[PDB]
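Heads up, the thing below is written out as structure tokens.
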Amino acid sequence: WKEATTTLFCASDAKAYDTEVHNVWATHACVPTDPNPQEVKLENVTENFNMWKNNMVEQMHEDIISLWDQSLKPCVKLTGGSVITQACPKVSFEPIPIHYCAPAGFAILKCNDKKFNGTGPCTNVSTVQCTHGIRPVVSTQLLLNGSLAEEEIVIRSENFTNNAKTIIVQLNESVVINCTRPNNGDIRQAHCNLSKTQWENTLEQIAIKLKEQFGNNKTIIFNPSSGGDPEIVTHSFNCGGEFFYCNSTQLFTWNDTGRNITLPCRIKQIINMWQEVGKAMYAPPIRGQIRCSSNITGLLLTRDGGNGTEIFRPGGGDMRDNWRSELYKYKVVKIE
Ligand SMILES: *[C@@H]1O[C@H](CO)[C@@H](O)[C@H](O)[C@H]1NC(C)=O
Ligand SMILES: *[C@@H]1O[C@H](CO)[C@@H](O)[C@H](O)[C@H]1NC(C)=O
Ligand SMILES: *[C@@H]1O[C@H](CO)[C@@H](O)[C@H](O)[C@H]1NC(C)=O
Ligand SMILES: *[C@@H]1O[C@H](CO)[C@@H](O)[C@H](O)[C@H]1NC(C)=O
Ligand SMILES: *[C@@H]1O[C@H](CO)[C@@H](O)[C@H](O)[C@H]1NC(C)=O
Ligand SMILES: *[C@@H]1O[C@H](CO)[C@@H](O)[C@H](O)[C@H]1NC(C)=O
Ligand SMILES: *[C@@H]1O[C@H](CO)[C@@H](O)[C@H](O)[C@H]1NC(C)=O
Ligand SMILES: *[C@@H]1O[C@H](CO)[C@@H](O)[C@H](O)[C@H]1NC(C)=O
Ligand SMILES: *[C@@H]1O[C@H](CO)[C@@H](O)[C@H](O)[C@H]1NC(C)=O
């Protein structure tokens with residue numbers, strides 16, 4: 001079998017009666033999943049995997065972009081010199097698991113190694129028809145509603161010596177963060193709550209995996225975002241069709257030397273688009289309480305670099321990194 005680039009088709013459990021945009025897009029661009037997927041483990045076979053050059057990350061990415069271009073209609077969209085204005089009605093926004101599968105003559109390989117670091121060989125390979133349900137969660141600094149690692153915290157980078165490369169952290173235990181726009185004074189003011197002690201344990205367990213990649217003479221320190229667009233400066237995401245911008249300063253101030261962490265949040269109308277370079281405008285925040293509990297299953301940090309003391313700051317920006325943390329243990333091959 002050889003790795004080829006084909007036209008994938010997505011599968012989903014989308015209800016036709018649900019008017020939530022993901023359920024509507026998936027009842028249009030996807031197919032009903034198979035209740036009994038046949039995963040066949042390959043005997044005595046070792047294959048090469050590369051998550052950093054996977055095509056499925058691309059086709060998924062374009063599908064999410066095409067999804068958003070039909071789902072979240074902005075009032076004003078501004079790209080390089082051109083202006084796009086249209087109706088901007090608020091909708092139901094709750095990401096549904098999207099399964100990706102291979103066409104006829106093709107199959108999907110799956111690495112089952114418990115320590116797989118992203119690139120290299122694999123001794124435990126199987127062949128499934130469709131990938132697992134990947135919730136297309138668009139967020140920064142922290143990954144959400146994703147798939148946890150089976151064993152330990154498997155940090156992954158394209159080049160660890162390269163400080164410009166994003167290290168995608170995959171947790172083995174999740175932390176639940178509850179974000180809330182109180183009903184009520186300020187319709188843009190919101191917040192999020194998570195366990196303070198549960199969070200300091202993650203920063204500690206991660207700082208051990210970081211001493212296994214850069215040396216045990218290193219002192220791991222976590223600092224906030226350096227600068228840039230608020231999308232990567234704060235923990236930006238989308239809860240209830242609203243774009244939250246949670247200041248994660250308290251999340252990224254740590255050293256090895258209350259009980260709840262409350263992140264000050266802000267519902268913003270103007271968004272720096274991730275699909276392409278530009279800006280988008282949406283209607284003012286809706287009425288009532290906007291709230292959704294999420295599971296922090298992964299991270300997106302970076303390294304400063306440039307001796308002894310290693311500083312790590314929250315990253316993000318490229319939503320392909322979001323897909324890779326789910327589409328790493330996979331590849332498309334052509335069966336003869
Ligand atoms: C993968 O190989 C076998 C299952 O096929 C298993 O015994 C072994 O522990 C796995 N490898 C790792 C990384 O543990
Ligand atoms: C969870 O991760 C911790 C270290 O971060 C590890 O010690 C533990 O074995 C993991 N739990 C399981 C059951 O994978
Ligand atoms: C890894 O990153 C370093 C620093 O950017 C670079 O000099 C080196 O060429 C890279 N190594 C690889 C894998 O080519
Ligand atoms: C988050 O809300 C969940 C229910 O969704 C609850 O179990 C938990 O106590 C809340 N956590 C925090 C830190 O508020
Ligand atoms: C690094 O580890 C070696 C191991 O013996 C130790 O001698 C040395 O003091 C350490 N150096 C630093 C930079 O901490
Ligand atoms: C949020 O972070 C900003 C700087 O990024 C800081 O000035 C502010 O004090 C933080 N808010 C709170 C209440 O922690
Ligand atoms: C580092 O650790 C000390 C003691 O826990 C704490 O008071 C201080 O705020 C921390 N500051 C950093 C991140 O250097
Ligand atoms: C995670 O999933 C839950 C349940 O669908 C949802 O309420 C929440 O908004 C999701 N989080 C994000 C940021 O997509
Ligand atoms: C968090 O999400 C997982 C699967 O994504 C789900 O099983 C679980 O019920 C959710 N909440 C928690 C922390 O149990």
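We name chains A, B, ... following the order of the structure tokens; residues begin at 1 in each chain, and ligands are numbered from 1 as shown.
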
Practice task
May I have the residues within 10 Å of stretch 318-330 of chain A as a PyMOL selection string, using only C-alpha atoms and disregarding those fewer than 5 positions away in the same chain?
Solution key: chain A and resi 49-58+60-62+64+100+108-113+116-119+122+125-128+131-140+142-144+146-148+156+166-170+232+274-275+297-300

Give me a file of those residues, with C-alpha atoms, as a short mmCIF file (atom, residue, chain, number, x, y, z; two decimals), in the first residue's frame.
```cif
data_model
loop_
_atom_site.label_atom_id
_atom_site.label_comp_id
_atom_site.auth_asym_id
_atom_site.auth_seq_id
_atom_site.Cartn_x
_atom_site.Cartn_y
_atom_site.Cartn_z
CA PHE A 49 3.50 7.97 10.01
CA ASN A 50 3.79 11.74 9.70
CA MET A 51 1.16 13.92 11.37
CA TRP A 52 2.97 17.08 10.29
CA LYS A 53 2.50 16.28 6.60
CA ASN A 54 -0.91 14.60 6.66
CA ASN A 55 -3.39 15.46 3.91
CA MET A 56 -6.46 14.62 6.00
CA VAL A 57 -5.67 17.62 8.19
CA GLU A 58 -6.04 19.76 5.06
CA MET A 60 -10.79 18.51 7.23
CA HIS A 61 -9.59 22.11 7.54
CA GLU A 62 -11.24 23.13 4.27
CA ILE A 64 -14.50 23.27 8.63
CA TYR A 100 -13.67 10.88 8.32
CA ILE A 108 -7.05 4.23 6.69
CA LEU A 109 -4.12 3.07 8.81
CA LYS A 110 -4.13 3.62 12.57
CA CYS A 111 -1.11 3.56 14.87
CA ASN A 112 -1.89 1.92 18.22
CA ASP A 113 1.43 2.59 19.95
CA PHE A 116 3.77 7.41 19.69
CA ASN A 117 5.44 10.83 19.42
CA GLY A 118 3.93 11.86 16.09
CA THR A 119 6.66 11.02 13.59
CA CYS A 122 4.82 2.10 14.52
CA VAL A 125 -1.09 -0.85 13.11
CA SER A 126 -4.76 -1.45 12.29
CA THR A 127 -7.09 -0.55 9.41
CA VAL A 128 -10.40 1.16 10.18
CA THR A 131 -11.90 7.77 11.82
CA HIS A 132 -13.41 8.40 15.26
CA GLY A 133 -15.80 11.28 15.89
CA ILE A 134 -13.69 14.43 15.84
CA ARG A 135 -15.41 17.48 17.31
CA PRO A 136 -14.16 20.39 15.15
CA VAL A 137 -13.50 22.56 18.21
CA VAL A 138 -11.94 25.88 17.24
CA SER A 139 -9.98 27.28 20.17
CA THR A 140 -6.59 28.69 21.14
CA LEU A 142 -6.18 25.15 25.21
CA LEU A 143 -7.62 22.25 23.22
CA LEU A 144 -11.22 21.32 24.05
CA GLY A 146 -10.96 16.20 22.26
CA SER A 147 -9.48 12.73 22.67
CA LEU A 148 -7.27 12.11 25.70
CA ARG A 156 4.50 16.38 20.39
CA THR A 166 4.37 24.45 18.32
CA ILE A 167 4.40 21.59 20.81
CA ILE A 168 0.96 19.96 20.84
CA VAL A 169 0.32 18.60 24.33
CA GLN A 170 -2.07 15.65 24.64
CA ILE A 232 -3.63 33.95 20.67
CA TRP A 274 -8.74 31.87 11.28
CA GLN A 275 -9.88 30.62 7.87
CA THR A 297 -7.98 17.49 26.72
CA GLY A 298 -4.92 19.16 25.19
CA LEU A 299 -2.73 22.25 24.88
CA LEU A 300 -0.87 24.38 22.33
#
```

Handout entry: Distance filter 10 Å around ligand 5, atoms: only C-alpha atoms and all ligand atoms, out as a ChimeraX atom specification
Key = /A:215-219,307-309

Practice task
Dump the neighbourhood of ligand 6 as an MDAnalysis selection string: all residues within 12 Å, distances computed on only C-alpha atoms and all ligand atoms.
Solution key: chainID A and resid 191 223:230 232:235 245:253 261:266

Handout entry: d(atom CA of residue A:231, atom 2 (O, counted along the ligand's line) of ligand 2) in Å
Key =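 A separation of 28.8 Å between them.
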
Within 6 Å of ligand 2, counting only C-alpha atoms and all ligand atoms, residues as a compact mmCIF listing (two decimals) with N, CA and C atoms, in the first residue's frame:
```
# COMPACT_ATOMS: atom_id res chain seq x y z
N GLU A 150 -4.03 7.69 25.95
CA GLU A 150 -4.37 6.46 26.67
C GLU A 150 -3.51 6.24 27.91
N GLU A 151 -2.22 6.57 27.81
CA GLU A 151 -1.30 6.36 28.92
C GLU A 151 -0.95 7.64 29.66
N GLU A 152 0.08 8.34 29.19
CA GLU A 152 0.55 9.55 29.85
C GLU A 152 0.41 10.78 28.95
N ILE A 153 0.94 11.90 29.41
CA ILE A 153 0.89 13.15 28.65
C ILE A 153 1.89 13.12 27.50
N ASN A 172 -3.62 13.04 29.44
CA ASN A 172 -4.20 11.73 29.72
C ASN A 172 -5.34 11.83 30.73
N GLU A 173 -5.50 13.02 31.30
CA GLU A 173 -6.63 13.33 32.17
C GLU A 173 -7.16 14.72 31.83
N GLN A 205 2.73 18.02 36.00
CA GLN A 205 2.96 16.78 35.27
C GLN A 205 3.49 17.04 33.86
```

Exercise for the section: Could you please write out, as an MDAnalysis selection string, every residue of stretch 6-255 of chain A that DSSP assigns to helix (DSSP H, G or I)? Expected result: chainID A and resid 21:29 51:53 56:71 196:209 230:233

Problem - Exercise: residue A:288 partners within 10 Å, only C-alpha atoms, chain neighbours under 4 positions left out, as an NGL selection string - result: :A and (181-184 or 187)

Restricted to C-alpha atoms, what would the selected residues look like written as a PDB file, in the first residue's frame?
```pdb
ATOM      1  CA  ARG A 181     -22.254  34.691  30.481  1.00  0.00           C
ATOM      2  CA  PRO A 182     -24.438  35.609  33.496  1.00  0.00           C
ATOM      3  CA  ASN A 183     -28.019  36.533  32.563  1.00  0.00           C
ATOM      4  CA  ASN A 184     -28.568  39.728  34.567  1.00  0.00           C
ATOM      5  CA  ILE A 187     -23.768  41.953  28.234  1.00  0.00           C
TER       6      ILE A 187
END
```
